[PDB]
Amino acid sequence: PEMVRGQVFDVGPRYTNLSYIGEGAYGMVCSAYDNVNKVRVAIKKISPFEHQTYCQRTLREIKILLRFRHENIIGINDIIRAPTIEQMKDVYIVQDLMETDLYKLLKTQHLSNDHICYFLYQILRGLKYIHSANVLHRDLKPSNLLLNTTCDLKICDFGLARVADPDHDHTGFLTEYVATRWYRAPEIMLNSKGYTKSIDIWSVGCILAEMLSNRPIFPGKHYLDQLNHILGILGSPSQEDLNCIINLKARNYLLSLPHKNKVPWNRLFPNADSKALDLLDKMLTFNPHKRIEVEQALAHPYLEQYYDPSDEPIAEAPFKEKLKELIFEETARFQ
Ligand SMILES: COc1cc([C@@H](CO)NC(=O)[C@@H](C)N2Cc3ccc(-c4nc(NC5CCOCC5)ncc4Cl)cc3C2=O)ccn1
């Protein structure tokens, strides 16, 4: 086989000339020369079968990315998977190679307002399509927003995505979650299972604020410190906001805090475009029924240079040893 850093990367002879890019809980990621398309690609080695939550993420992502086709959503070009079942300890998922992501971008580069308007356009354009397929990303953050050299943007990682279930969204107070903390909407910590499209809109709003200043807007250090941060900017909720929270533990927690006033966006963001902040206001709305939707955000005057509904496509149709077999069965179309 081929090798990277004391690690097998057995991607056949179709992919040669590996360069390590990175690593994490998922596994390891290289660039590799594709000898049939004659372009370097990203390949990531997912070794998920040690625990069932990772096998869920690998099946969810594979199923979604093979069904989705959209310019602002990363796809799957190949899956390299050992030709028999027992020989399958890893899945190698092959995708277009991108230069950077927005996480690394924000840590080193000031963005101009025209780059912020454009990245926001492309995130919502892709989200419009995700939501039109009745799916929720449920983990939008800068590191899941990939970029090539000309600033075209693609959303990645669909392993935490779910089908929307607005009718079964309600739950108790401080009930645990799995979207990333700085981008978790307040209702998650209070009374939401995160099964409505509005959860994504909150995270896009957080990413927008972060592009305006290069700093995370709500930089919590733990689960309940996150809501302190959100209320520190948004203020105490209104009586109407409170009364939509029927759950008494979450209602009485909020009643229990001292009054906090709304920090005006233009003092928090003095160099920001005013249309940008009006949109940010509407994406970081405390009440998720009041929160702006994706088709509405796209039609926001901030994005009027790009807004074209007819060029903003929707989906053709909306949505353990057996996970290990279903991952096997789903990835056979590449042999
Ligand atoms: C976390 O436990 C998991 C997770 C998964 C699965 C499904 O949920 N999740 C992933 O695999 C996520 C976390 N990842 C990791 C990754 C790494 C690189 C690239 C990539 N990177 C680039 N380019 C770089 C950009 C920065 O700057 C250097 C170049 N280009 C193209 C691509 Cl696909 C994409 C991904 C991606 O989607 C499955 C099982 N258990």
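Residues numbered from 1 in each chain as written, not as in the entry; some residues may be left out. Heavy atoms only, no water.

Looking at the method and resolution fields of the entry, one finds X-ray crystallography and 1.9060 Å.

Per the PDB entry, the protein is named Mitogen-activated protein kinase 1, and its organism is Homo sapiens. Listed in the archive, the entry goes by the title "Discovery of ASTX029, a clinical candidate which modulates the phosphorylation and catalytic activity of ERK1/2". Heading Cofactor of the UniProt record for the protein holds this comment: "Mg(2+)". (UniProt positions renumbered as here; feature names shortened; annotations may be inferred.)

**Some details on the UniProt feature "domain: Protein kinase" in the protein**
UniProt marks residues 15-303 with the feature "domain: Protein kinase", using the numbering shown here. As annotated, residues 15-303 has a helix share of 38% and a strand share of 16%, and its two end C-alpha atoms lie 40 Å apart. (Helix = DSSP H or I, 4+ residues; strand = E, 2+ residues; numbered from the N terminus.)

**Some words on the sheet that holds strand 1 (residues 15-24)**
Taken in spatial order, the 5 strands of this open sheet run 1-2-3-5-4, and their pairing is antiparallel. Both edges of this open sheet fall to strand 1 and strand 4 (78-80), since each of them pairs with a single strand only. For this sheet, the mean inter-axis angle between neighbouring strands, taken without regard to orientation, is 25°. Two elements, strand 2 (residues 27-34) and strand 3 (residues 39-46), share 8 bridges in a ladder whose sense is antiparallel. Bridge pairing in strand 3 places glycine 27 opposite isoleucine 46. Sheet strands touched by helix 1 (residues 52-67): strand 3, strand 4 and strand 5 (91-96). Its angle to strand 5, the strand with the most contacts, is close to 40°. (Pairing = 2+ DSSP bridges. Axes fitted to C-alpha atoms, helices over the stretch in contact; angles between N-to-C directions. Contact = heavy atoms within 4.5 Å.)

**Comments concerning helix 6 (residues 223-234)**
Look at helix 6: 18 Å from first C-alpha to last across 12 residues, which is about the 16 Å you get at 1.5 Å a residue. Listing the buried residues of helix 6 in full gives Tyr223, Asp225, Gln226, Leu227, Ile230, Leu231, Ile233 and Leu234. Buried residues belonging to helix 6 abut helix 4 (186-190), helix 5 (198-213), helix 8 (248-256) and helix 9 (265-268). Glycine 235 lies just past helix 6 and shows a positive phi near 85°. (Expected span 1.5 Å × (residues − 1). Buried < 20%, exposed > 50% of the residue type's maximum accessible area, 1.4 Å probe, protein only.)

**Things to note about the sheet that holds strand 6 (residues 100-101)**
Reading across the sheet, the 3 strands line up as 6-8-9 and stay open at both edges, with antiparallel pairing between neighbours. Pairing within the sheet leaves two strands with one partner each, and these edge strands are strand 6 and strand 9 (153-155). In the sheet, strand 6 pairs with strand 8 (residues 145-147) via 2 bridges, with the strands oriented antiparallel. In the sheet register, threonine 100 faces strand 8, and the bridge partner there is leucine 147. Those strands touched by helix 3 (residues 113-132) are strand 8 and strand 9, and its axis lies near 35° from that of strand 9.

**A closer look at the domain arrangement of the protein**
According to the domain assignment, the protein contains domain 1 (1-97 + 320-335) and domain 2 (98-319). Between the C-alpha centres of domain 1 and domain 2 the distance comes to 29 Å. Counting residues at the interface gives 15 residues for domain 1, matched by 24 residues for domain 2. Summing both sides of the interface, domain 1 and domain 2 together bury roughly 1900 Å²; the carbon and sulfur share of this comes to 56%. Together, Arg67, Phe68 and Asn72 form the three largest contributors to the area buried by domain 1 at its contact with domain 2, with a combined 30%. Counting across the domain 1 and domain 2 interface gives 2 salt bridges. For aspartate 157, the salt bridge goes to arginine 57, with nearest N and O atoms at 2.9 Å. Viewed at the interface, domain 2 and domain 1 are joined by 12 residue pairs in polar contact. At 6 residues, the largest contribution of residues to the side of domain 1 that touches domain 2 is made by helix 1. Across the side of domain 1 that touches domain 2, the residue classes tally to 6 nonpolar, 2 polar and 7 charged. (Domains from an automatic or database assignment. Buried area = accessible area lost by both parts, 1.4 Å probe. Salt bridge = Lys/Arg side-chain N within 4 Å of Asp/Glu carboxyl O. Polar contact = N/O pair within 3.5 Å; in protein donor to acceptor, adjacent residues only side chain to side chain. Nonpolar A, V, L, I, M, F, W, Y, C, P; charged D, E, K, R; others polar.)

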